[PDB]
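A.B. asks: A structural model of the following input is requested.
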Amino acid sequence: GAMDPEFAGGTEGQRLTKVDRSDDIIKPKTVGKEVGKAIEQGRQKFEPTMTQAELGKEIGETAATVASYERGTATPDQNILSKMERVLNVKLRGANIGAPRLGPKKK
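C.D. replies: Numbering: from 1, shown residues only. Here you go, the structure:
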């Protein structure tokens with residue numbers, strides 16, 4: 001017997017990469033003592049000094065919220081702390097508390 005198949009050609013491309021989204025760390029724990037202290041001290045490191053009302057305004061919270069946060073307990077909504085410290089490039093986690101630590105750049 002015999003067989004004579006055909007020939008073909010093609011050129012496909014266009015590849016796209018995607019990043020995963022895993023951020024569901026449900027941990028019922030207060031903001032933290034050092035965290036609260038660093039919150040005030042880190043906000044005062046602004047120009048000239050970021051007050052409670054101002055920080056609250058920008059983060060979408062009230063003045064009492066910020067005042068309660070510096071206390072070291074105000075029910076930490078991950079989304080809140082995220083903006084609080086990122087606006088001034090500091091992190092309240094690790095050993096370099098109150099300093100930029102994997103905040104603006106996680107390198």
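A.B. asks: switch to C-alpha atoms for all contacts and neighbour counts from now on
C.D. replies: Noted.
A.B. asks: which SS state does the closest residue to residue 74 other than its chain neighbours fall under?
C.D. replies: By the measure of CA to CA, 6 or more residues apart in numbering, the closest residue to residue 74 outside its immediate chain neighbours is residue 68, 5.2 Å from it. With DSSP: H, G, I helix; E, B strand; the rest coil as the basis, residue 68 sits in helix.
A.B. asks: run a quick neighbour tally on residue 68.
C.D. replies: By the criterion of other CA atoms under 10 Å, residue 68 has 15 neighbours.
A.B. asks: check the one 4 residues further on too.
C.D. replies: Residue 72 is surrounded by 20 other residues when neighbours are defined as other CA under 10 Å.
A.B. asks: thought residue 40 was touching it, still the case?
C.D. replies: No. Counting by CA atoms under 8 Å, residue 72 sits too far from residue 40 to count as a contact (10.0 Å).
A.B. asks: assign the residue nearest the centre of the chain to helix, strand or coil.
C.D. replies: Taking CA atoms, centre = their mean, the centroid of the chain lies closest to residue 82, which sits 3.9 Å from it. Following three-state DSSP, the label given to residue 82 is helix.
A.B. asks: who touches residue 84 in this structure?
C.D. replies: By CA atoms under 8 Å, 6 or more residues apart in numbering, the residues touching residue 84 are 39, 55, 59.
A.B. asks: any idea how far residue 36 is from the last one?
C.D. replies: Taking CA to CA, to the nearest Å as the criterion, residue 59 is separated from residue 36 by 16 Å.
A.B. asks: who's more crowded, those two?
C.D. replies: When neighbours are counted by other CA under 10 Å, residue 59 and residue 36 differ, and residue 36 comes out ahead with 22 against 17.
A.B. asks: show me the contacts for the more buried one.
C.D. replies: Residue 36 makes contacts with 69-73, as judged by CA under 8 Å, 6+ apart.
A.B. asks: mind doing that once more with 7 Å?
C.D. replies: 69-72 (CA atoms under 7 Å, 6 or more residues apart in numbering).
A.B. asks: backbone phi and psi for residue 54, please?
C.D. replies: phi -70, psi -50 (degrees, to the nearest 10).
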